[PDB]
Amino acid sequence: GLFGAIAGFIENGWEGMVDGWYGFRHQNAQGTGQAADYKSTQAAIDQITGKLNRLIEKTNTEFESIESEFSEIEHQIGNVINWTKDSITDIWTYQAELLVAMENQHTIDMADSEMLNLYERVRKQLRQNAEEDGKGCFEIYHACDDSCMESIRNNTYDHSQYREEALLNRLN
């Protein structure tokens, strides 16, 4: 994808994640866990909603009939009507196909962009206390208990508190 995360350096999605589009998994001495991210999930959802709203909005042009269902039409004007109607249909069929294909390209790359935006947000939080494993995780160079993992999810993690421990661990 364009932002290289979904179907990118993140190898696959989590089918066990029901309460969100994006989220965290963690691992420490106490165990493993999983929570969803609200801000990033809603950013994607809201953007999808906007499109759906544009899709369903009414076009009020009321059209009358120009083709008797139950009787004959004069030949020359019939061939004219047919030409025009078919040309109009080719236009709409084309426009429709183009609309969706473009929108689908955008929704997909949009969702990719929000996954990345979360990842970047966390990268900058952890500063010099962690390193990227390249599969979409960060290896933390200090004991980060559950209350510490929670701090990172809730964007309250202060890097400076764990810096001296983390740095010496990274350097031996």
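Don't overthink the numbering: it's just position in the shown sequence, from 1.
Between 61-69 and 103-111, point out the one with the higher average CA B-factor as the PDB entry records it. Looking at the record's C-alpha B-factors, the answer is 61-69.
With reference to the PDB entry, specify whether the mean Cα temperature factor is higher for 39-47 or for 24-32. It is 24-32.
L171, C-alpha B-factor rank within chain (lowest, middle or highest third): Tercile = highest for this residue's CA B-factor.
Going by the recorded CA B-factors, say which third of the chain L116 sits in, lowest, middle or highest. As the PDB entry reports it, the C-alpha B-factor of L116 lands in the lowest third of its chain.
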